[PDB]
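In order, the protein sequences belong to chains F, B, C and A. Going letter by letter, the first sequence gives residues 67 to 281, 290 to 311 in PDB author numbering. Going letter by letter, the second sequence gives residues 81 to 1086, 1090 to 1195 in PDB author numbering. Every number in PDB author numbering is 84 more than the matching position in the third sequence, counting from 1. Every number in PDB author numbering is 272 more than the matching position in the fourth sequence, counting from 1. The C-beta atom is built at its ideal place from N, Cα and C for all residues, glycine as well.
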Amino acid sequence: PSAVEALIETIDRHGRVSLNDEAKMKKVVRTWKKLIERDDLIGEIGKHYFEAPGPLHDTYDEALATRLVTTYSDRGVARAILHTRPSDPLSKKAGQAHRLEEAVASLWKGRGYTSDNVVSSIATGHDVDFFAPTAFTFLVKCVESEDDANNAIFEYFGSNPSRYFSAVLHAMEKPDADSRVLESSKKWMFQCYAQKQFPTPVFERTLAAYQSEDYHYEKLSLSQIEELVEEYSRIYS
Amino acid sequence: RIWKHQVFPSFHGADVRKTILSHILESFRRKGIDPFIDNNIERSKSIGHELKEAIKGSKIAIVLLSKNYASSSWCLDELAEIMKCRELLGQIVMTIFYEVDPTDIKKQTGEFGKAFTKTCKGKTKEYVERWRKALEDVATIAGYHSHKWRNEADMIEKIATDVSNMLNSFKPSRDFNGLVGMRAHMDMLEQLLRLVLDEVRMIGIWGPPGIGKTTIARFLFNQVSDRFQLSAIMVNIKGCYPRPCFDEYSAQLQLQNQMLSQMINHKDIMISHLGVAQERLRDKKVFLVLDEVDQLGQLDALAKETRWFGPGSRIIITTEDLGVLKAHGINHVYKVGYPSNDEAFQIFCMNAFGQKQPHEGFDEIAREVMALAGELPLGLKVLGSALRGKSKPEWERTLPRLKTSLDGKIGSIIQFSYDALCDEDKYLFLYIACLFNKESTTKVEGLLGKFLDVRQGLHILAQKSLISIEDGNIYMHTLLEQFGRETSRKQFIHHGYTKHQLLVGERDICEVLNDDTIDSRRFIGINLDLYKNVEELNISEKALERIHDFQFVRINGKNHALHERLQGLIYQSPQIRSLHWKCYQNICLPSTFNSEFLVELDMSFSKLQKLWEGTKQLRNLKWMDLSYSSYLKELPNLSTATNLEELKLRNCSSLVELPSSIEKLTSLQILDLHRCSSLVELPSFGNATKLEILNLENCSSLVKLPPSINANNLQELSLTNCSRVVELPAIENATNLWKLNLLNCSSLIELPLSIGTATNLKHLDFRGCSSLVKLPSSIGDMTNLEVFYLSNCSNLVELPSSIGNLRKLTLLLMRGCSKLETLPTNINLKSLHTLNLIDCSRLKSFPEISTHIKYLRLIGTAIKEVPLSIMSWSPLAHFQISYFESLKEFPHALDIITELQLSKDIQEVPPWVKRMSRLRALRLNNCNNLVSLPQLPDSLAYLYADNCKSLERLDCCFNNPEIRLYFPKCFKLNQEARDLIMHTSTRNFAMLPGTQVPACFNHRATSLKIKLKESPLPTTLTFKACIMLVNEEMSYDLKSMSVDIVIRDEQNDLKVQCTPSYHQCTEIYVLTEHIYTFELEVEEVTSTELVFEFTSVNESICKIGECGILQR
Amino acid sequence: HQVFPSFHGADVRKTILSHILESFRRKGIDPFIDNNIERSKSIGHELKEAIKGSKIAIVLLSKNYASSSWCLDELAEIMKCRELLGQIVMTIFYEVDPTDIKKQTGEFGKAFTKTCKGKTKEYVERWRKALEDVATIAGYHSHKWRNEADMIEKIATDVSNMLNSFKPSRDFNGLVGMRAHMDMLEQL
Amino acid sequence: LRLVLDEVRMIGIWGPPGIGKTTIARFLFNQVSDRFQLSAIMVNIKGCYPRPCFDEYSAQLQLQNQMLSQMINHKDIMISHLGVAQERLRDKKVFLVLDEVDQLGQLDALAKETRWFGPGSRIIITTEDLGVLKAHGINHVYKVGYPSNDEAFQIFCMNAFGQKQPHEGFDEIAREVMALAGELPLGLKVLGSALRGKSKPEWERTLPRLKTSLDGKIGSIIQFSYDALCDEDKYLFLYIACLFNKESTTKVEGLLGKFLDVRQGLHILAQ
Ligand SMILES: Nc1ncnc2c1ncn2[C@@H]1O[C@H](COP(=O)(O)OP(=O)(O)OP(=O)(O)O)[C@@H](O)[C@H]1O
Ligand SMILES: Nc1ncnc2c1ncn2[C@@H]1O[C@H](COP(=O)(O)OP(=O)(O)OP(=O)(O)O)[C@@H](O)[C@H]1O
Ligand SMILES: Nc1ncnc2c1ncn2[C@@H]1O[C@H](COP(=O)(O)OP(=O)(O)O)[C@@H](O)[C@H]1O
Ligand SMILES: Nc1ncnc2c1ncn2[C@@H]1O[C@H](COP(=O)(O)OP(=O)(O)O)[C@@H](O)[C@H]1O
């Protein structure tokens, strides 16, 4: 059979059989790669599922995205988007991946997910993964504002500044980490405490109280704690 | 037990030793059987005693019976010993009645009976008694009869087959049990084989060294060779063939001699001329396998033409160079592929831990080692064997050794294939392994063009399966690249009369720069990776004095550190051909940096501001890639950059303006500004520029634009967000506009008329493009325009009448166009699928384009009318109208409608809705003032009511199909109505406002476990399930939910099936205090104990709280 | 065909001939096949045509070989082709002395005499001449060999060796200009 | 050994090159093979193996073929597949001696499972690195020890004074030369043969140059064993032979820890 026929049959089978969680978590990636293999499928399969019986959609991409979410869990689609980002932004595969992820983001917005719902869906268990660009940009698209994205990720840490700073410092040590964006998140956290007008040593103890054992991530060390205290000290005196 | 011999034959020498016994022995030697041969009894030993000893150490005794078997006392004594041995020890005895019948044996009469009487005249009584008893009991054994077989050869073949089988010789190989996943190979290769086509088809197998071509050939031979008259396998032809090949003809003759000697069972042939194989195999079905064919001489020697072989013959040649196959005209080629990651892990585990799964605690380190091994089966086997009997700390501290040094077993095998290359191919291989591992083929051709013929070299390397080109980027396998890097130190590179070497190392290759004793001119390439420490690398001050001619630089300086010494060392180079520096971590390129020779410049992350601070000679520059250099403000004069091809200022958010010197960029084809939050303008480009990809995605401050583009070849043009863009540049032709979109590009006023000139723009969006007043009249010009999105494009009070010329668009989404008032009338779009006009708050007329529309959506409009022409329209799979009062006047509209949507405020309860036949859905948007509901029509699937103040009675008896009754917030419901909602036989969800599970569902609980009993003997059972949700910070409008169901037992563990094993809805409201009901069927006949488990996929969205179900 | 086998079915078709057929089959040798339903009192034209194009023949001789006018005619045609054409004839003396074949004596001679009654003079003359000639040629005496299977294997090996040497240098005649070298070298 | 237990126990023998692994194996095979129904000895498997071994399966097949031909005395037949050894020998008493096994490939060739030999049999493989034995899972290992000083003198005088287990004549320089030879039977034999037939004064001129440089006979074997190492292992070997010959492992790790990954190097060298 042609590529389209086989891909439709496979998607229908996977949505039909209701198989294991990790089996879906794996097969979603293979399906995703088969999608962006050539440029003229997302439109075509979107057209096919558009005309199939079911709820109506405003576009082909919405139909394809809805089918992918039905076939593989919100957890599987987010993981596939994160794990299947090509290198060259101007290549055909990059365009196909952008179409898919934008369709999924619009689909989530149409269902009225909160920021927390999106964060929990992207969540992988390693608190630094949220600051990888391939995930942070998708989060920003899903929430439309970096301030809200930072607030959501901060609250997913239980409003723990220590865990947040640990994650951002670990993200500072990535080969492709965007310094501007990570710095923007750090500056956001600084400004959030500046709105509290907390004293510099009071700020230090606000940070270091979570350094206690109140709550499985990697905690800070006193050195960069004092560094952050110094950073906050004069900027918003 | 222990036996010295497998088979001991018993017979009479004078009769069968010459004629038949010989043939049986010859057959046995050909089946891997070692029978005892009395001729091999050592001299100077007692024959009787030795023979008796040999009898008892034999697993099988074969007794050949002749008419004079009784003549010899040796035969009788050995037979008696055989029978005592079988009855006492247990050796197996088979009989062959060669020209003799068992009946006369036990009588001892006539044939063989005369002989027994003659031989028993002089003896004792006990000898005669033992012989007679043994003779009778052996005549009892069922064996083989000579007279029952038409030819002696078949009988001997059957006897040998029986003996070999009953020996449990295990002829199938157990070696082919430790190999993983060759079913895929065999299935893919059967299709190429097609052994029922009786041609002489030739088949090739090629792939990188170590994927398993030899093993695949061996397995295929074992599976298939039995179906051909003659079969032959030749292994490692490349190895045996002479390397210089001083005398080709003699080597070819010897090779064909080997092939013939192993194909024909002729043990030692001496071939006189290369034509013997053609002469001998003309009319025979032949299966021939040739492994590692290196060059065409071997093929000519072994199989030159298909005419050499008879009908149905197959030959399979495995190689690494595709050119050999093509030159011989094969065209039936199986390119072997890498195994799956799971299969790779299975192979690695088999070689390391001896089983398909790792021992406990080894998983992470095992996977690290695997990932180091790339994907080659050879690499996996080598690493697994190297780490077999080790312990976990040894694994952890030997992994770094594995990374730094490539194992010798892999290295030699790769070296052999590397040596066969030409000199220029070797140099290109080293270049690819060292610097340009994953780069555009065009960029490699540009950089290395003058040194060597890059195009032909890449083609040859791909033919050799040493590299792979996927999408214009070359790819070298990890092990192969690692081998390439090591040879860089041990091998030199000669281009003309000079000599060069490369420098590739993480950080350890820098002290060679401090050698200060060797000529550093022979260093044209650097590949450094500094993701180790922020500490400055150590170089002698004297090494800083020497100036180096570095042509290719690739530094991945991933840290916050600044490398003053490295900068001083490199930017002192006179001519630098290409320069890549990731994470430059400086402010400006130093002034002493000469750039006359500079073809490619790449800085993917930088802190540069105003680099070069002055005009320079960018004479031959062809690629600028400044990406993510967020701390960048300006850019130098690009005059005298006429050869520049592509410019990627990717995501540099601080670049305030672009220089007017971009006019001098005549050959520029790519301008990339995906995120430039600080631009203001974009200066005019020129006349011969011919941009190909203009990508300005989110330039949220870009105001002005060029007035024209001369876009003769403009594949794409993207301005997605660009919120403040007033005008738009004109276009000349755009005969190839493969993509154009303006999604949310508000503040636009018009569109350039020449947009109509794009004759191939199949798709087109203006979604969110507010403030756009009027579409251009030239819109009808585009052909093949299939999709046309508009959404909330307010202030678009028109639609051009030229649209009828489009003739191909399938869907026209026009949502929220809250000022569209008219629509072109005299038009028939011969292929139009849908038409979305939702919330077009002033559309005010019926959309009259007499078409083949299948999906019409007019909700929130102001139509208030339906024409009579609609009966011309044959199908309508969907047709949705926001209800108004005077629908009663249009009976022709009632039988065609499909949906309906009552407004905010409608007192009336419309009875006549029962008349309309097809009414698939019915929606009550808010209905804050409603009371009851009439009898609904018979064909419903959907029914909604979001936040209505009263639906006290729902007097509808409706029994169509899977019907979804959603009632988000309506608490004034009669208990009869509420029960109807629950007690309706659907196949979909049903949701209602409730605070706790109704008592109708007896079997209750709170991933949760539902336990209940049953009252039935043997039947299919039907269950109704009710579910609430966990009280959480759920969104006011969550609109999708899916539920999975698992049912098990506690007496058995049989996972019973459940036909509606999931319920999914993409429109159901998800809210806290509500009741969700559905139906299940179970068919297996476990009697008393069922345990249910309802889970909510997307646990991060919705979690099942209380629950309870009920039988029926 | 590859090889033409001549034999007397009643004597050897069951016991030894099957082994030789199997050995030839395993050595890639395809002898001409015949059926007992495919024989008349005479030999027929197609049988002679098969004989003439066989380019090698194997005459397996048994005690009652001479007791079939069919077999005698086959042998006469085989010798005729040997003398005129370049046919190569191999003989197997299955427990019969070559001298007995030569002088037409023993049990073989008795069977030959009993078969010769009624035939015309020239038939008897051709039969006797062919018998003498086939007795002269060097073959394989079954009595000499201690091991029947070894003798059959040796026969198969010799057949294979004397079958992959018919066409002399038929291949690689596509080499150019050798006549000039041959002429210039003949003078030397 | 414990032959009486009729199992398929495999036994290793390992030690520095030049102790007598080959000679011990030969002596044992000479003494015991008569008690076994079928037996064979393979000598210098390491030397008789293709160094690049481009097709390790062909070489493995021919190694098994050599084993079978030597063992059954079966006129060096050709072997079809790799499982034939099991098919033949899984039902007979077997005494197999594999000498100088270098890597796991040869072991997979010749004896991969104890189920290949059957009701009572012994396979004895002599190696130099414990890692090969450990990977195959043997755990019945005899670490050959140096002979006693008196036995060392007997060997040296056997190889120097012509079959005289004691000295002849002087008996003074002999012990100096012995102490120079350490304790390796290889070293004792080489030094004894070097001074064979000399007179006491010739002995005295030979002593100094013998002391300041070792014979090429010992050097070749030691060099071959040395070349089979990783570069880090070679560097650690040189460090130990030069400076830290007799030092605590902890101090060696503390001083050389920045360079060589001392723990792994010591583990490999000890193996
Ligand atoms: N001690 C001996 N040395 C050499 N040859 C011997 C000896 N004894 C007998 N033979 C040979 O054996 C031949 C007789 O073999 P015979 O037919 O008796 O074998 P057999 O009894 O059928 O053997 P088996 O009982 O093992 O089947 C004699 O021709 C003789 O040459
Ligand atoms: N055509 C033949 N093919 C095979 N064997 C033959 C043939 N003719 C004769 N023999 C063998 O030769 C044997 C008789 O040999 P004979 O004693 O005649 O040798 P000879 O004539 O004395 O030899 P020479 O003439 O060289 O002295 C017979 O036993 C027979 O088996
Ligand atoms: N499917 C497989 N399962 C297990 N081992 C394999 C498989 N394929 C290859 N190997 C191993 O990889 C090694 C190299 O394979 P080989 O066939 O020699 O490669 P090549 O095709 O270069 O000759 C072999 O020793 C073989 O045991
Ligand atoms: N116990 C001994 N008595 C006498 N000579 C010995 C003894 N052990 C070893 N040798 C001699 O020392 C040399 C050491 O060789 P050997 O250690 O057997 O080689 P390998 O190191 O391969 O085992 C041999 O030539 C042998 O003759």
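I think residue i touches residue j, with their Cβ atoms under 8 Å apart; what is that distance to the nearest whole Å?
| i | j | result |
| --- | --- | --- |
| B:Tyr708 | F:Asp154 | Wrong, their Cβ atoms sit about 14 Å apart, outside the cutoff. |
| B:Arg1003 | B:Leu1031 | The Cβ separation is near 13 Å, so there is no contact. |
| B:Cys1109 | B:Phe1069 | At roughly 11 Å, the Cβ-Cβ gap does not stay under 8 Å, so B:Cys1109 and B:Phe1069 are not in contact. |
| F:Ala218 | F:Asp193 | 13 Å between Cβ atoms; not a contact. |
| A:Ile285 | A:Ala297 | 7 Å |
With a threshold of 6 Å on Cβ separation, who are the neighbours of residue i within its own chain once the five nearest residues in sequence on each side are excluded?
| i | result |
| --- | --- |
| B:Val584 | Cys514, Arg565, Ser568 and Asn607 |
| B:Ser686 | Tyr664 and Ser709 |
| B:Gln358 | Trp388 |
| B:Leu501 | none |
In chain order, what residues of the same chain have a beta carbon less than 8 Å from the beta carbon of residue i, not counting five sequence neighbours either side?
| i | result |
| --- | --- |
| F:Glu212 | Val206, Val247, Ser250, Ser251 and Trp254 |
| A:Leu460 | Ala424, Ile427, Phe428, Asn431, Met450 and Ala453 |
| B:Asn816 | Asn793, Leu794, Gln795 and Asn840 |
| B:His346 | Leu340 |
What's the C-alpha gap between residue i and residue j?
| i | j | result |
| --- | --- | --- |
| residue 312 of chain F | F:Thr125 | This structure gives no information on residue 312 of chain F, because the portion of chain F shown stretches from 67 to 311. |
| B:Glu133 | B:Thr99 | 27 Å |
| B:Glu812 | F:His164 | 29 Å |
| F:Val209 | F:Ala189 | 15 Å |
| B:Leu753 | F:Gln257 | 30 Å |
| A:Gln303 | B:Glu561 | 54 Å |
| B:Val760 | B:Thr837 | 29 Å |
Inset, instruction - Scan the segment 290 to 319 of chain B for residues whose Cβ lies nearer than 9 Å to a Cβ of chain A and list them as they occur along the chain. - result: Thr294, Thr295, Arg298, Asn302, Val315, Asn316, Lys318 and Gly319
Inset, instruction - Would you list, in chain order, the members of the segment 236 to 248 of chain B that have their beta-carbon closer than 7 Å to a beta-carbon of chain C? - result: none
Inset, instruction - Quick one: which residues of the segment 1157 to 1174 of chain B get their C-beta closer than 7 Å to a C-beta of chain F? List them in chain order. - result: none
Legend entry - Quiz: which residues have CB nearer than 5 Å to ligand 2 non-hydrogen atoms: C:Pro182, C:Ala222, C:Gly223 and C:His225
Inset, instruction - Mind checking the segment 499 to 513 of chain A against chain B and listing, in chain order, the residues whose C-beta falls within less than 9 Å of any C-beta there? - result: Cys502, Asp503 and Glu504
Legend entry - Members of the segment 393 to 427 of chain A that neighbour chain B once the beta carbon cut-off is set at 8 Å: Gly403, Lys406, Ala407, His408 and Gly409
Inset, instruction - Could you name the residues of the segment 176 to 203 of chain F whose beta carbon sits closer than 8 Å to any beta carbon of chain B, in the order they occur along the chain? - result: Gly176, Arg177, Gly178, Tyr179, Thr180, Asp182, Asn183, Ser186, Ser187 and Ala189
Inset, instruction - Taking only beta carbons into account, state which residues of the segment 1113 to 1146 of chain B come closer than 8 Å to chain F, listed in chain order. - result: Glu1116, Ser1118, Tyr1119, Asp1120, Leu1121, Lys1122, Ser1123, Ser1125, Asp1127, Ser1144 and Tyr1145
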